[PDB]
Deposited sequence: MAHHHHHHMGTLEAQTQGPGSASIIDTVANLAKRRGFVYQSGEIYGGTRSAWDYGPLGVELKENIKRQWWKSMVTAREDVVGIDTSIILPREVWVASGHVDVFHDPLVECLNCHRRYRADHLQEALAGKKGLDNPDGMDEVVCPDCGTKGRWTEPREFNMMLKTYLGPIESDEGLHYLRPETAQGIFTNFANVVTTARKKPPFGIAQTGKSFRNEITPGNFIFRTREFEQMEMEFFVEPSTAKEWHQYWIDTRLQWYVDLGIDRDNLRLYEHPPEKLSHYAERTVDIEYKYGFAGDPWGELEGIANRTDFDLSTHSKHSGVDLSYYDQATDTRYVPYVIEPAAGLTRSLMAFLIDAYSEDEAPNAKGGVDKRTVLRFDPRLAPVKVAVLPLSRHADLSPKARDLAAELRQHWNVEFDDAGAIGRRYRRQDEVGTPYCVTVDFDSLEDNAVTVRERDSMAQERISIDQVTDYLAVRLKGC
């Protein structure tokens, strides 16, 4: 039994993900994120925004509409170029994306039809070509069309970036393994505008910087690699593209795309200047020169990053048992900043004298962190339940706590325990959790 399936099964059982519309028949192309999944996803998003926007003078944020004017995607080239070769089996009429045999009926086909990957919708009463709009296949175009607006209000000057997170939509012909490839997914994209002659050096800077970002948040460097797009795989907007790939563990090739980092040269600002008639070039007053910035674009996938962090954090080891034995303990070794639950408050038993001190403590901690309270069953089994979802620290309230006003604090990975006065537990965890 593989590790991807094991992790996917853990995620479903503990409510990281549910298949969207399960009760009506669900598919792998649409997932919901449950109580633990939504916190993990938001924590990843928050760390991306802190690294990209909050911590950097040279990067500012934006949030643009999923639905832009139709002309946007004409100018961008997506209307004409964002399609795949699509053929239909003359026997069953199932569709697939490229002699040859059918993977469902076994037979050896129609002429390849170009199928645009963008999702359509209609705005206004007339359901016609006039009101046709596309759901955005990328968040980048909302940034480019606001480049001049941001330069103005933010008083920014190249080299500088504009970062954004949001939903994107693609009419994927097939679903992926687990949450890897969905029709609706969240992206974290930053467009870094630079003076053209520096573009290549800035490209290497961001490849390295994004790579280090995953390592800093706990992914084993050995499970990350770089992949340079060959000229055929390059997107119509790119001159050079390097993907960060993670060892997901698929059957066959265990590697898959995690984040794409493209040199989009001056393509995007140029075509929007032409089609819109609005000048999106930059004027460098320090040299009395005008130029169209080149763009370096780190474009990450939030849900695909969640899958990578989840798989990388999965682990199994041997841990002291209730009896003097050892067990195959399941542990998600999340960075404390990503863990969906920061602290578990665990009264030794459901005894009525432990509950007052314990519930009061969980309330104090909920002021700062997402907290779980569990008084059900044996304590060691509740420790395993928290380790299984990656909780960094468990706080146990026992009967000695009523006499000395102190609790036990258990560290997830080492399982070491230390006794801490209650009036210092908040500070004790704050330094070890490194974020709220």
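In sequence order, the gaps in C-alpha coverage of the deposited chain fall at 1-21, 120-139, 150-151.
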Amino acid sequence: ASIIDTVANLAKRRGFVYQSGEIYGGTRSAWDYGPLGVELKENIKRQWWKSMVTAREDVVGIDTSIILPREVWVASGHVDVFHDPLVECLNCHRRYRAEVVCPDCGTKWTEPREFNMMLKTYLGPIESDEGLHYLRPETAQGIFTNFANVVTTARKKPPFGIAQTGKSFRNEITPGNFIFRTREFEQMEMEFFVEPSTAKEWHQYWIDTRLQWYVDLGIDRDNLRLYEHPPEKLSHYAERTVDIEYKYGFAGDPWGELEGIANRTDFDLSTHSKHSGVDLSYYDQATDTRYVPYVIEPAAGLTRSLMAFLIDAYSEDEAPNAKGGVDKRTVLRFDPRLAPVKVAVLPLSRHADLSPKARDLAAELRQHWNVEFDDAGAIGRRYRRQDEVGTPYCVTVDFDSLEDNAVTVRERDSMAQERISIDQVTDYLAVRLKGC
From here on, numbers count along this sequence of modelled residues.
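Taking the PDB entry as given, 317-325 carries the higher mean Cα B factor of the two stretches 286-294 and 317-325. As the entry records it, the average C-alpha temperature factor is higher for 169-177, out of 186-194 and 169-177.
Note on the listed residues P336, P230, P159, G260: the highest Cα temperature factor in the record is that of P230. Among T64, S29, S51, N43, the highest C-alpha B-factor in the deposited entry belongs to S29. Among all modelled residues in this chain, the alpha-carbon of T107 has a temperature factor (C-alpha) in the highest third.
Looking at the C-alpha B-factors along this chain, the one for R419 belongs to the highest third. Remark: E57 belongs to the lowest third of its chain, ranked by C-alpha B-factor as recorded. Annotation for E39: C-alpha temperature factor in the lowest third relative to the rest of the modelled chain, per the entry. The PDB entry assigns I23 a C-alpha temperature factor belonging to the middle third of its chain's modelled residues.
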